[PDB]
file structure.cif (mmCIF, C-alpha atoms and all ligand atoms)
data_query
#
loop_
_atom_site.group_PDB
_atom_site.id
_atom_site.type_symbol
_atom_site.label_atom_id
_atom_site.label_comp_id
_atom_site.auth_asym_id
_atom_site.auth_seq_id
_atom_site.Cartn_x
_atom_site.Cartn_y
_atom_site.Cartn_z
ATOM 1 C CA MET A 1 -8.824 -130.818 -30.784
ATOM 2 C CA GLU A 2 -7.545 -131.407 -27.201
ATOM 3 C CA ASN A 3 -11.199 -132.040 -26.330
ATOM 4 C CA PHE A 4 -11.034 -135.226 -28.403
ATOM 5 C CA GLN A 5 -9.259 -138.479 -27.723
ATOM 6 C CA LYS A 6 -8.789 -140.521 -30.854
ATOM 7 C CA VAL A 7 -9.993 -144.078 -30.233
ATOM 8 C CA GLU A 8 -9.072 -145.662 -33.538
ATOM 9 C CA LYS A 9 -8.567 -144.779 -37.157
ATOM 10 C CA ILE A 10 -11.884 -145.674 -38.798
ATOM 11 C CA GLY A 11 -10.569 -145.099 -42.293
ATOM 12 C CA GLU A 12 -9.273 -142.888 -45.037
ATOM 13 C CA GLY A 13 -12.094 -140.698 -46.315
ATOM 14 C CA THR A 14 -12.205 -138.473 -49.382
ATOM 15 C CA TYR A 15 -10.810 -135.494 -47.445
ATOM 16 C CA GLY A 16 -8.627 -136.888 -44.711
ATOM 17 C CA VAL A 17 -8.322 -139.590 -42.108
ATOM 18 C CA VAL A 18 -11.509 -140.396 -40.211
ATOM 19 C CA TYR A 19 -11.099 -141.185 -36.555
ATOM 20 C CA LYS A 20 -13.465 -142.661 -34.025
ATOM 21 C CA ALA A 21 -12.872 -140.234 -31.154
ATOM 22 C CA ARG A 22 -14.346 -139.513 -27.737
ATOM 23 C CA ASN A 23 -15.370 -135.985 -26.766
ATOM 24 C CA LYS A 24 -13.543 -135.482 -23.450
ATOM 25 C CA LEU A 25 -16.097 -132.946 -22.116
ATOM 26 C CA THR A 26 -19.337 -134.401 -23.465
ATOM 27 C CA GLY A 27 -18.550 -138.132 -23.115
ATOM 28 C CA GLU A 28 -19.791 -138.529 -26.736
ATOM 29 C CA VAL A 29 -18.227 -141.006 -29.163
ATOM 30 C CA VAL A 30 -17.970 -139.332 -32.533
ATOM 31 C CA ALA A 31 -16.434 -139.673 -35.960
ATOM 32 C CA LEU A 32 -13.729 -136.966 -36.309
ATOM 33 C CA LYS A 33 -12.834 -135.977 -39.823
ATOM 34 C CA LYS A 34 -9.690 -133.940 -40.420
ATOM 35 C CA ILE A 35 -10.285 -132.114 -43.678
ATOM 36 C CA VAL A 44 -9.383 -123.017 -44.418
ATOM 37 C CA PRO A 45 -11.143 -120.868 -47.037
ATOM 38 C CA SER A 46 -13.914 -118.672 -45.630
ATOM 39 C CA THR A 47 -16.284 -119.965 -48.340
ATOM 40 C CA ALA A 48 -15.729 -123.544 -47.071
ATOM 41 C CA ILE A 49 -16.399 -122.400 -43.509
ATOM 42 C CA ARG A 50 -19.679 -120.720 -44.334
ATOM 43 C CA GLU A 51 -20.817 -123.718 -46.430
ATOM 44 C CA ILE A 52 -19.923 -126.120 -43.700
ATOM 45 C CA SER A 53 -21.742 -123.937 -41.149
ATOM 46 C CA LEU A 54 -24.855 -124.258 -43.351
ATOM 47 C CA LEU A 55 -24.505 -128.076 -43.086
ATOM 48 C CA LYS A 56 -24.749 -127.885 -39.294
ATOM 49 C CA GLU A 57 -28.452 -126.977 -39.570
ATOM 50 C CA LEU A 58 -29.282 -129.568 -42.292
ATOM 51 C CA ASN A 59 -30.655 -131.985 -39.701
ATOM 52 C CA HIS A 60 -32.585 -135.081 -40.595
ATOM 53 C CA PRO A 61 -32.716 -138.600 -39.187
ATOM 54 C CA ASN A 62 -31.235 -140.139 -42.394
ATOM 55 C CA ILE A 63 -28.463 -137.568 -42.405
ATOM 56 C CA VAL A 64 -25.338 -138.281 -40.319
ATOM 57 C CA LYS A 65 -25.579 -135.512 -37.765
ATOM 58 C CA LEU A 66 -22.880 -132.894 -38.097
ATOM 59 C CA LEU A 67 -22.197 -132.360 -34.405
ATOM 60 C CA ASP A 68 -19.551 -129.636 -34.661
ATOM 61 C CA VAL A 69 -17.237 -127.903 -37.024
ATOM 62 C CA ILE A 70 -13.905 -127.208 -35.320
ATOM 63 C CA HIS A 71 -11.905 -124.522 -37.000
ATOM 64 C CA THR A 72 -8.511 -124.291 -35.111
ATOM 65 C CA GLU A 73 -4.900 -123.544 -36.175
ATOM 66 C CA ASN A 74 -5.930 -123.091 -39.823
ATOM 67 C CA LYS A 75 -7.165 -126.681 -39.608
ATOM 68 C CA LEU A 76 -10.714 -127.871 -40.056
ATOM 69 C CA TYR A 77 -12.198 -130.793 -38.131
ATOM 70 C CA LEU A 78 -15.804 -131.962 -38.603
ATOM 71 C CA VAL A 79 -17.254 -133.965 -35.767
ATOM 72 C CA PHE A 80 -20.088 -136.216 -36.863
ATOM 73 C CA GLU A 81 -22.376 -138.581 -35.121
ATOM 74 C CA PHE A 82 -20.856 -142.018 -34.974
ATOM 75 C CA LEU A 83 -22.673 -144.946 -36.561
ATOM 76 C CA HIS A 84 -21.233 -148.445 -36.273
ATOM 77 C CA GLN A 85 -20.866 -149.486 -39.895
ATOM 78 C CA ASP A 86 -20.780 -148.238 -43.478
ATOM 79 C CA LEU A 87 -22.777 -149.926 -46.188
ATOM 80 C CA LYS A 88 -19.706 -151.203 -48.076
ATOM 81 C CA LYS A 89 -18.615 -153.220 -45.093
ATOM 82 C CA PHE A 90 -22.182 -154.415 -44.506
ATOM 83 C CA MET A 91 -22.551 -155.432 -48.126
ATOM 84 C CA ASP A 92 -19.131 -157.194 -48.043
ATOM 85 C CA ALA A 93 -20.189 -159.013 -44.875
ATOM 86 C CA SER A 94 -23.571 -159.956 -46.400
ATOM 87 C CA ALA A 95 -22.082 -161.098 -49.720
ATOM 88 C CA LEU A 96 -22.911 -164.813 -49.297
ATOM 89 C CA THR A 97 -26.682 -164.422 -49.032
ATOM 90 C CA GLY A 98 -26.900 -160.727 -49.903
ATOM 91 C CA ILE A 99 -28.917 -158.159 -48.001
ATOM 92 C CA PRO A 100 -32.508 -159.298 -47.613
ATOM 93 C CA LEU A 101 -34.853 -157.393 -49.922
ATOM 94 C CA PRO A 102 -36.967 -155.792 -47.176
ATOM 95 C CA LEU A 103 -33.768 -154.389 -45.711
ATOM 96 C CA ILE A 104 -32.578 -153.124 -49.075
ATOM 97 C CA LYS A 105 -35.997 -151.557 -49.534
ATOM 98 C CA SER A 106 -35.872 -149.965 -46.107
ATOM 99 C CA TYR A 107 -32.417 -148.528 -46.637
ATOM 100 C CA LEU A 108 -33.278 -147.306 -50.123
ATOM 101 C CA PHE A 109 -36.408 -145.784 -48.687
ATOM 102 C CA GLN A 110 -34.636 -144.011 -45.861
ATOM 103 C CA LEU A 111 -31.799 -142.873 -48.153
ATOM 104 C CA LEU A 112 -34.454 -141.339 -50.412
ATOM 105 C CA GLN A 113 -35.984 -139.565 -47.392
ATOM 106 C CA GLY A 114 -32.463 -138.254 -46.542
ATOM 107 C CA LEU A 115 -32.054 -137.112 -50.203
ATOM 108 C CA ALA A 116 -35.551 -135.513 -50.388
ATOM 109 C CA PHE A 117 -34.712 -133.571 -47.278
ATOM 110 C CA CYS A 118 -31.346 -132.275 -48.490
ATOM 111 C CA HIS A 119 -32.550 -131.703 -52.043
ATOM 112 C CA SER A 120 -35.477 -129.640 -50.744
ATOM 113 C CA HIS A 121 -32.838 -127.317 -49.199
ATOM 114 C CA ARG A 122 -30.830 -127.375 -52.439
ATOM 115 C CA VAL A 123 -27.982 -129.351 -51.014
ATOM 116 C CA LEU A 124 -26.533 -132.183 -53.035
ATOM 117 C CA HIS A 125 -24.195 -134.889 -51.879
ATOM 118 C CA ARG A 126 -22.433 -135.373 -55.254
ATOM 119 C CA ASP A 127 -20.412 -138.326 -54.030
ATOM 120 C CA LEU A 128 -22.757 -140.905 -52.677
ATOM 121 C CA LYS A 129 -21.118 -144.282 -52.315
ATOM 122 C CA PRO A 130 -21.555 -147.305 -50.080
ATOM 123 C CA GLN A 131 -18.717 -146.076 -47.904
ATOM 124 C CA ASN A 132 -20.633 -142.867 -46.997
ATOM 125 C CA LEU A 133 -23.911 -144.638 -46.164
ATOM 126 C CA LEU A 134 -23.840 -145.593 -42.524
ATOM 127 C CA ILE A 135 -26.084 -148.068 -40.761
ATOM 128 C CA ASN A 136 -26.990 -148.510 -37.130
ATOM 129 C CA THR A 137 -28.086 -151.586 -35.270
ATOM 130 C CA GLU A 138 -31.722 -150.416 -35.284
ATOM 131 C CA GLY A 139 -32.255 -150.555 -39.062
ATOM 132 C CA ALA A 140 -31.556 -146.901 -39.786
ATOM 133 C CA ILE A 141 -29.201 -145.876 -42.635
ATOM 134 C CA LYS A 142 -27.844 -142.406 -43.008
ATOM 135 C CA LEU A 143 -25.958 -140.353 -45.505
ATOM 136 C CA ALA A 144 -22.558 -139.150 -44.329
ATOM 137 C CA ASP A 145 -20.541 -136.270 -45.882
ATOM 138 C CA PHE A 146 -23.586 -134.573 -47.331
ATOM 139 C CA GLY A 147 -22.634 -131.124 -48.730
ATOM 140 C CA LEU A 148 -18.899 -131.675 -48.341
ATOM 141 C CA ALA A 149 -18.235 -131.940 -52.112
ATOM 142 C CA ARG A 150 -19.564 -128.428 -52.729
ATOM 143 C CA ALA A 151 -17.619 -127.188 -49.743
ATOM 144 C CA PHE A 152 -14.204 -128.679 -50.776
ATOM 145 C CA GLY A 153 -14.354 -130.504 -54.176
ATOM 146 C CA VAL A 154 -14.040 -134.182 -55.113
ATOM 147 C CA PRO A 155 -10.381 -134.958 -55.857
ATOM 148 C CA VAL A 156 -9.164 -137.617 -58.314
ATOM 149 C CA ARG A 157 -7.142 -139.228 -55.561
ATOM 150 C CA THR A 158 -7.814 -138.920 -51.839
ATOM 151 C CA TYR A 159 -5.140 -137.540 -49.500
ATOM 152 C CA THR A 160 -3.679 -141.087 -49.387
ATOM 153 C CA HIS A 161 -3.555 -141.185 -53.211
ATOM 154 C CA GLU A 162 -6.407 -143.743 -52.978
ATOM 155 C CA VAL A 163 -8.451 -143.424 -56.151
ATOM 156 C CA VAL A 164 -11.824 -141.852 -55.662
ATOM 157 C CA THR A 165 -14.397 -144.255 -56.999
ATOM 158 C CA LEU A 166 -16.202 -143.281 -60.197
ATOM 159 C CA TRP A 167 -18.601 -146.149 -59.873
ATOM 160 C CA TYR A 168 -21.531 -144.049 -58.717
ATOM 161 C CA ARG A 169 -20.923 -140.926 -60.816
ATOM 162 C CA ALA A 170 -23.838 -139.665 -62.840
ATOM 163 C CA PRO A 171 -23.311 -139.654 -66.630
ATOM 164 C CA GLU A 172 -23.888 -135.840 -66.867
ATOM 165 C CA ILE A 173 -20.855 -135.446 -64.584
ATOM 166 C CA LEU A 174 -18.779 -137.863 -66.701
ATOM 167 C CA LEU A 175 -19.916 -135.860 -69.762
ATOM 168 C CA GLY A 176 -18.484 -132.707 -68.215
ATOM 169 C CA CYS A 177 -21.710 -130.980 -67.277
ATOM 170 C CA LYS A 178 -20.484 -128.313 -64.828
ATOM 171 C CA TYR A 179 -23.881 -127.482 -63.376
ATOM 172 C CA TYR A 180 -25.312 -130.888 -62.448
ATOM 173 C CA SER A 181 -28.244 -131.089 -60.067
ATOM 174 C CA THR A 182 -29.792 -133.168 -57.306
ATOM 175 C CA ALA A 183 -30.357 -135.824 -60.010
ATOM 176 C CA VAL A 184 -26.703 -136.916 -59.656
ATOM 177 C CA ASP A 185 -27.491 -138.204 -56.129
ATOM 178 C CA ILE A 186 -30.478 -140.222 -57.446
ATOM 179 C CA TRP A 187 -28.201 -141.750 -60.054
ATOM 180 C CA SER A 188 -25.652 -142.712 -57.448
ATOM 181 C CA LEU A 189 -28.291 -144.153 -55.140
ATOM 182 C CA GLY A 190 -29.780 -146.091 -58.091
ATOM 183 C CA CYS A 191 -26.318 -147.611 -58.644
ATOM 184 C CA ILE A 192 -26.045 -148.496 -54.952
ATOM 185 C CA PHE A 193 -29.489 -149.940 -54.972
ATOM 186 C CA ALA A 194 -28.617 -152.229 -57.891
ATOM 187 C CA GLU A 195 -25.368 -153.281 -56.134
ATOM 188 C CA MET A 196 -27.252 -154.143 -52.925
ATOM 189 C CA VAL A 197 -29.549 -156.314 -54.970
ATOM 190 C CA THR A 198 -27.031 -158.085 -57.180
ATOM 191 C CA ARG A 199 -24.076 -157.957 -54.770
ATOM 192 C CA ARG A 200 -21.930 -156.616 -57.587
ATOM 193 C CA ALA A 201 -21.252 -152.987 -58.347
ATOM 194 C CA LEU A 202 -23.367 -152.034 -61.348
ATOM 195 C CA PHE A 203 -20.703 -149.917 -63.023
ATOM 196 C CA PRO A 204 -17.198 -150.482 -61.613
ATOM 197 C CA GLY A 205 -15.337 -148.200 -64.059
ATOM 198 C CA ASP A 206 -11.626 -147.764 -63.407
ATOM 199 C CA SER A 207 -11.215 -144.632 -65.574
ATOM 200 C CA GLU A 208 -13.681 -141.917 -66.599
ATOM 201 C CA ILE A 209 -14.034 -143.481 -70.010
ATOM 202 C CA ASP A 210 -14.342 -147.010 -68.728
ATOM 203 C CA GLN A 211 -17.038 -145.741 -66.323
ATOM 204 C CA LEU A 212 -18.892 -143.981 -69.099
ATOM 205 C CA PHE A 213 -18.498 -146.958 -71.435
ATOM 206 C CA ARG A 214 -19.757 -149.261 -68.737
ATOM 207 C CA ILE A 215 -22.839 -147.097 -68.403
ATOM 208 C CA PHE A 216 -23.375 -147.056 -72.108
ATOM 209 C CA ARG A 217 -22.818 -150.825 -72.437
ATOM 210 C CA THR A 218 -25.704 -151.433 -70.020
ATOM 211 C CA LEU A 219 -28.159 -148.592 -70.579
ATOM 212 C CA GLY A 220 -27.353 -147.879 -74.251
ATOM 213 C CA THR A 221 -25.124 -145.117 -75.513
ATOM 214 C CA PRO A 222 -27.390 -142.087 -74.856
ATOM 215 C CA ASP A 223 -28.523 -140.065 -77.860
ATOM 216 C CA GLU A 224 -30.657 -136.963 -78.421
ATOM 217 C CA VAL A 225 -33.868 -139.004 -78.278
ATOM 218 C CA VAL A 226 -33.411 -140.240 -74.688
ATOM 219 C CA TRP A 227 -31.397 -137.208 -73.550
ATOM 220 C CA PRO A 228 -31.860 -133.962 -75.402
ATOM 221 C CA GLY A 229 -28.589 -132.007 -75.322
ATOM 222 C CA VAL A 230 -26.420 -135.038 -74.655
ATOM 223 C CA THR A 231 -24.416 -134.663 -77.930
ATOM 224 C CA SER A 232 -23.418 -131.136 -77.023
ATOM 225 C CA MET A 233 -22.148 -132.032 -73.503
ATOM 226 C CA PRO A 234 -18.558 -130.876 -73.065
ATOM 227 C CA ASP A 235 -17.027 -134.358 -73.150
ATOM 228 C CA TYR A 236 -19.436 -136.098 -75.459
ATOM 229 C CA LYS A 237 -17.715 -137.368 -78.599
ATOM 230 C CA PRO A 238 -19.591 -138.485 -81.750
ATOM 231 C CA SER A 239 -17.029 -141.281 -81.904
ATOM 232 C CA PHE A 240 -18.430 -142.944 -78.737
ATOM 233 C CA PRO A 241 -19.437 -146.459 -79.708
ATOM 234 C CA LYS A 242 -23.216 -146.895 -79.953
ATOM 235 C CA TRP A 243 -24.198 -149.742 -77.661
ATOM 236 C CA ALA A 244 -27.681 -151.097 -77.385
ATOM 237 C CA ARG A 245 -29.550 -150.866 -74.157
ATOM 238 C CA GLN A 246 -29.745 -154.025 -72.105
ATOM 239 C CA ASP A 247 -32.958 -155.177 -70.444
ATOM 240 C CA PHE A 248 -33.125 -154.459 -66.709
ATOM 241 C CA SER A 249 -34.290 -157.995 -66.134
ATOM 242 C CA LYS A 250 -30.719 -158.947 -67.132
ATOM 243 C CA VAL A 251 -29.140 -156.088 -65.122
ATOM 244 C CA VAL A 252 -30.593 -156.687 -61.593
ATOM 245 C CA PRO A 253 -32.345 -160.092 -62.067
ATOM 246 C CA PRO A 254 -33.400 -160.754 -58.613
ATOM 247 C CA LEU A 255 -35.353 -157.544 -58.508
ATOM 248 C CA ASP A 256 -39.070 -157.402 -58.870
ATOM 249 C CA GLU A 257 -40.788 -155.165 -61.382
ATOM 250 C CA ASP A 258 -41.545 -152.304 -58.958
ATOM 251 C CA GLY A 259 -37.867 -152.360 -57.970
ATOM 252 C CA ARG A 260 -36.728 -152.439 -61.666
ATOM 253 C CA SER A 261 -39.317 -149.738 -62.549
ATOM 254 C CA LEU A 262 -38.013 -147.504 -59.823
ATOM 255 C CA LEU A 263 -34.346 -148.270 -60.661
ATOM 256 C CA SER A 264 -34.838 -147.435 -64.354
ATOM 257 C CA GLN A 265 -36.366 -144.112 -63.303
ATOM 258 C CA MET A 266 -33.401 -143.480 -60.983
ATOM 259 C CA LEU A 267 -31.117 -144.307 -63.889
ATOM 260 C CA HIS A 268 -32.693 -142.073 -66.565
ATOM 261 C CA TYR A 269 -29.952 -140.602 -68.689
ATOM 262 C CA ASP A 270 -31.580 -137.167 -68.799
ATOM 263 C CA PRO A 271 -31.137 -135.634 -65.378
ATOM 264 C CA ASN A 272 -34.418 -133.730 -65.871
ATOM 265 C CA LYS A 273 -36.247 -137.011 -66.541
ATOM 266 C CA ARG A 274 -34.564 -138.814 -63.631
ATOM 267 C CA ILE A 275 -37.013 -139.460 -60.764
ATOM 268 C CA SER A 276 -36.751 -136.993 -57.879
ATOM 269 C CA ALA A 277 -36.166 -138.320 -54.340
ATOM 270 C CA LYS A 278 -39.634 -137.228 -53.325
ATOM 271 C CA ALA A 279 -41.406 -138.817 -56.294
ATOM 272 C CA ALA A 280 -39.283 -141.951 -55.676
ATOM 273 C CA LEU A 281 -40.717 -142.118 -52.114
ATOM 274 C CA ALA A 282 -44.241 -142.422 -53.655
ATOM 275 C CA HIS A 283 -43.170 -145.286 -55.953
ATOM 276 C CA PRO A 284 -45.226 -148.426 -55.553
ATOM 277 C CA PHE A 285 -41.925 -150.261 -54.737
ATOM 278 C CA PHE A 286 -42.225 -148.771 -51.219
ATOM 279 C CA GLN A 287 -45.835 -149.815 -50.702
ATOM 280 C CA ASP A 288 -44.895 -152.616 -48.280
ATOM 281 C CA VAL A 289 -41.726 -150.933 -46.944
ATOM 282 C CA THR A 290 -40.896 -151.841 -43.321
ATOM 283 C CA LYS A 291 -37.917 -151.295 -41.110
ATOM 284 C CA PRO A 292 -36.099 -154.534 -40.418
ATOM 285 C CA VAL A 293 -33.023 -154.780 -38.175
ATOM 286 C CA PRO A 294 -29.787 -155.816 -39.947
ATOM 287 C CA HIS A 295 -27.734 -158.883 -38.914
ATOM 288 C CA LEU A 296 -24.849 -156.743 -37.655
ATOM 289 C CA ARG A 297 -21.754 -158.002 -35.878
ATOM 290 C CA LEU A 298 -19.920 -155.028 -34.355
HETATM 291 N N1 LIG A 301 -18.961 -145.545 -37.867
HETATM 292 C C1 LIG A 301 -18.687 -144.473 -38.652
HETATM 293 N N2 LIG A 301 -17.933 -144.372 -39.740
HETATM 294 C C2 LIG A 301 -17.797 -143.243 -40.437
HETATM 295 O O1 LIG A 301 -17.021 -143.082 -41.583
HETATM 296 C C3 LIG A 301 -16.744 -144.401 -42.140
HETATM 297 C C4 LIG A 301 -16.179 -144.017 -43.567
HETATM 298 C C5 LIG A 301 -14.774 -143.370 -43.316
HETATM 299 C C6 LIG A 301 -14.101 -143.232 -44.681
HETATM 300 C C7 LIG A 301 -13.487 -144.648 -44.797
HETATM 301 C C8 LIG A 301 -14.850 -145.325 -45.245
HETATM 302 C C9 LIG A 301 -15.527 -145.377 -43.844
HETATM 303 C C10 LIG A 301 -18.542 -142.150 -40.002
HETATM 304 N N3 LIG A 301 -18.745 -140.899 -40.395
HETATM 305 C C11 LIG A 301 -19.583 -140.150 -39.601
HETATM 306 N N4 LIG A 301 -19.960 -141.087 -38.701
HETATM 307 C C12 LIG A 301 -19.341 -142.245 -38.906
HETATM 308 N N5 LIG A 301 -19.381 -143.394 -38.243
#
call {"tool": "encode", "arguments": {"input": "structure.cif", "output": "C-alpha cells", "more": "lines below"}}
Ligand SMILES: Nc1nc(OCC2CCCCC2)c2nc[nH]c2n1
result
Amino acid sequence: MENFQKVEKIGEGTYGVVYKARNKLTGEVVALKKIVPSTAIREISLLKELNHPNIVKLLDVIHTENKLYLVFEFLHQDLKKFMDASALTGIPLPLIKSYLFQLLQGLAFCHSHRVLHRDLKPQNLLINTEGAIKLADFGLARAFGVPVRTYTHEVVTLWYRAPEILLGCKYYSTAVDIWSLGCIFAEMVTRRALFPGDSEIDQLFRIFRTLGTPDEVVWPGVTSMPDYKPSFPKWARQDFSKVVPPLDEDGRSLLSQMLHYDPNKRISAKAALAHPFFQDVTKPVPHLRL
C-alpha cells in the first residue's frame, strides 16, 4: 500500500472503505478498496481480465499483510449521487437510455463469461463526464459474499434484489443482474426507487404489490422456492403505465421483460440490447458538476 497516497475517503462500500488514492509510481488516480482466502484471490484474479468499457477497470489486486486491496479505475461520480443531483428535472430520457444501453453492454459482456454482479445498485454504477457509465464491483459478490450489514453496520440495500434471491433460490443466474438493472432503470425514470423494501419481506411484498404475487402460471416452480409461503398475500399485478408513467411503450415493454418473475423468462442482456427501445439510442453528455 505504500505506493498509494489516500486523497479522500470516497465512501463506505459493501466490503470496506473506498478511498480515492494516487498511485505514487504511476501517477494514476484510482479508487482503492480495502476488502485472504485463496479462493477469493483466484476469483479476484479472474476479474482482472474481465475487461470491457462499461466495466470499471480492475487495475490491480494488492494482496499484502493478509490484507486485500483492489485498485480500480476512478470515475468521478456514482449514479445515486447523479440521480440525487438530477432529482428536480430527472435524468433526461436519452441519457437514461444511453446508460441503460451501456449497462446492458457491460452485463452482456460479463454474463457471456459467466460472471454475475449480484449486487447492482445505483451506488456501484459510475459515470464519467463523457457520457459513459460503468459497472463497479462486478464479480465481488461471488468472491466474498453480500453481507446483511456492511463493515460500518450500514444496511445493505435490498431494493434491487431479484425475487428468486428473496425466495431463497441458492443458484440464481445472470437474470438477477437484469432484474436489478430493471429496478434502476425504473428509478432513473420515475426518480423514486421502484421497490425500497426495508426488510426481506417488505422487499418481497413490495415486489408482489406491484407485479402481482407470483404463482405457478407466471413462474413455474415459484411455490416450491425455499422461502415461498402459501400464506403470502395474493396481490394483483399493477399496470406498468402506473408504475413508470413517464416511460414510453418500448421502455415499458423492455422493463417488463427485465422484470419477469421467472428468471428463465427474464430478458437476457444481449436480447435487451436488440430491443426496439434502443433503436434511437445516442450517447449524450451528462450535466455533471464535479
Ligand atoms: N469515483 C469513484 N467512486 C467509486 O466508488 C464510489 C462508491 C463507493 C461506495 C460508496 C458508494 C460510492 C469507485 N469505484 C471504482 N472507481 C470508482 N470511482
call {"tool": "residues_near_ligand", "arguments": {"input": "structure.cif", "ligand": "ligand LIG 301 (chain A)", "cutoff": "7 Å", "atoms": "all atoms listed in the file", "output": "PyMOL selection string"}}
result
chain A and resi 10-14+18+30-31+64+80-86+131-132+134+144
call {"tool": "resolve_selection", "arguments": {"input": "structure.cif", "expression": "the PyMOL selection byres (((chain A and resi 227) around 10) and not hetatm)", "output": "list in words"}}
result
residues 222, 223, 224, 225, 226, 228, 229, 230, 231, 268, 269, 270, 271, 272 and 273 of chain A
call {"tool": "write_last_selection", "arguments": {"input": "structure.cif", "atoms": "C-alpha atoms", "output": "short mmCIF file (atom, residue, chain, number, x, y, z; two decimals), in the coordinates of the input"}}
result
data_model
loop_
_atom_site.label_atom_id
_atom_site.label_comp_id
_atom_site.auth_asym_id
_atom_site.auth_seq_id
_atom_site.Cartn_x
_atom_site.Cartn_y
_atom_site.Cartn_z
CA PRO A 222 -27.39 -142.09 -74.86
CA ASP A 223 -28.52 -140.06 -77.86
CA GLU A 224 -30.66 -136.96 -78.42
CA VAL A 225 -33.87 -139.00 -78.28
CA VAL A 226 -33.41 -140.24 -74.69
CA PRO A 228 -31.86 -133.96 -75.40
CA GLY A 229 -28.59 -132.01 -75.32
CA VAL A 230 -26.42 -135.04 -74.66
CA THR A 231 -24.42 -134.66 -77.93
CA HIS A 268 -32.69 -142.07 -66.56
CA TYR A 269 -29.95 -140.60 -68.69
CA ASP A 270 -31.58 -137.17 -68.80
CA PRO A 271 -31.14 -135.63 -65.38
CA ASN A 272 -34.42 -133.73 -65.87
CA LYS A 273 -36.25 -137.01 -66.54
#
call {"tool": "closest_residue", "arguments": {"input": "structure.cif", "among": "A:9, A:50, A:150, A:278", "to": "residue 112 (chain A)", "atoms": "all atoms listed in the file"}}
result
A:278
call {"tool": "residues_around", "arguments": {"input": "structure.cif", "residues": "residue 254 (chain A)", "least_positions_apart": "5", "cutoff": "10 Å", "atoms": "only C-alpha atoms", "output": "PyMOL selection string"}}
result
chain A and resi 101+194+197-198+249+259-260
call {"tool": "residues_near_point", "arguments": {"input": "structure.cif", "point": "(-13.4, -141.2, -66.5)", "cutoff": "10 Å", "atoms": "only C-alpha atoms", "output": "mmCIF file with C-alpha atoms, in the coordinates of the input"}}
result
data_model
loop_
_atom_site.group_PDB
_atom_site.id
_atom_site.type_symbol
_atom_site.label_atom_id
_atom_site.label_comp_id
_atom_site.auth_asym_id
_atom_site.auth_seq_id
_atom_site.Cartn_x
_atom_site.Cartn_y
_atom_site.Cartn_z
ATOM 1 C CA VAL A 156 -9.164 -137.617 -58.314
ATOM 2 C CA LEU A 166 -16.202 -143.281 -60.197
ATOM 3 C CA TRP A 167 -18.601 -146.149 -59.873
ATOM 4 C CA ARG A 169 -20.923 -140.926 -60.816
ATOM 5 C CA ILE A 173 -20.855 -135.446 -64.584
ATOM 6 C CA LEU A 174 -18.779 -137.863 -66.701
ATOM 7 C CA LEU A 175 -19.916 -135.860 -69.762
ATOM 8 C CA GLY A 205 -15.337 -148.200 -64.059
ATOM 9 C CA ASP A 206 -11.626 -147.764 -63.407
ATOM 10 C CA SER A 207 -11.215 -144.632 -65.574
ATOM 11 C CA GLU A 208 -13.681 -141.917 -66.599
ATOM 12 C CA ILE A 209 -14.034 -143.481 -70.010
ATOM 13 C CA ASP A 210 -14.342 -147.010 -68.728
ATOM 14 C CA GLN A 211 -17.038 -145.741 -66.323
ATOM 15 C CA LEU A 212 -18.892 -143.981 -69.099
ATOM 16 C CA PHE A 213 -18.498 -146.958 -71.435
#
call {"tool": "residues_around", "arguments": {"input": "structure.cif", "residues": "residue 94 (chain A)", "least_positions_apart": "2", "cutoff": "12 Å", "atoms": "all atoms listed in the file", "output": "VMD selection string"}}
result
chain A and resid 87 to 92 96 to 100 103 to 104 195 to 200 294 to 297
call {"tool": "residues_near_point", "arguments": {"input": "structure.cif", "point": "(-31.1, -132.4, -57.1)", "cutoff": "10 Å", "atoms": "all atoms listed in the file", "output": "MDAnalysis selection string"}}
result
chainID A and resid 115:116 118:126 180:186 271:272 274:277
call {"tool": "closest_residue", "arguments": {"input": "structure.cif", "among": "A:279, A:215, A:52, A:32", "to": "residue 242 (chain A)", "atoms": "all atoms listed in the file"}}
result
A:215
call {"tool": "closest_residue", "arguments": {"input": "structure.cif", "among": "A:137, A:158, A:5, A:46", "to": "residue 20 (chain A)", "atoms": "only C-alpha atoms"}}
result
A:5
call {"tool": "closest_residue", "arguments": {"input": "structure.cif", "among": "A:15, A:23, A:110, A:159", "to": "residue 127 (chain A)", "atoms": "all atoms listed in the file"}}
result
A:15
call {"tool": "atom_distance", "arguments": {"input": "structure.cif", "atom1": "CA of residue 202 (chain A)", "atom2": "CA of residue 17 (chain A)"}}
result
27.4 Å
call {"tool": "axis_aligned_box", "arguments": {"input": "structure.cif", "around": "region 219-223 of chain A", "padding_each_side": "5 Å", "output": "AutoDock Vina command-line options"}}
result
--center_x -26.8 --center_y -144.3 --center_z -74.2 --size_x 13.4 --size_y 18.5 --size_z 17.3
call {"tool": "atom_distance", "arguments": {"input": "structure.cif", "atom1": "CA of residue 245 (chain A)", "atom2": "CA of residue 105 (chain A)"}}
result
25.5 Å
call {"tool": "build_atoms", "arguments": {"input": "structure.cif", "residues": "region 212-217 of chain A", "atoms": "N, CA and C atoms", "output": "compact mmCIF listing (two decimals), keeping the file's coordinate frame"}}
result
# COMPACT_ATOMS: atom_id res chain seq x y z
N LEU A 212 -17.92 -144.45 -68.12
CA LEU A 212 -18.89 -143.98 -69.10
C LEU A 212 -19.25 -145.14 -70.03
N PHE A 213 -18.24 -145.86 -70.50
CA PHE A 213 -18.50 -146.96 -71.44
C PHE A 213 -19.27 -148.08 -70.79
N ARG A 214 -19.03 -148.27 -69.50
CA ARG A 214 -19.76 -149.26 -68.74
C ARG A 214 -21.23 -148.89 -68.70
N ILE A 215 -21.46 -147.60 -68.41
CA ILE A 215 -22.84 -147.10 -68.40
C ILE A 215 -23.53 -147.35 -69.72
N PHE A 216 -22.83 -146.90 -70.75
CA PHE A 216 -23.38 -147.06 -72.11
C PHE A 216 -23.60 -148.51 -72.48
N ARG A 217 -22.73 -149.42 -72.09
CA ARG A 217 -22.82 -150.82 -72.44
C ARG A 217 -24.07 -151.42 -71.81
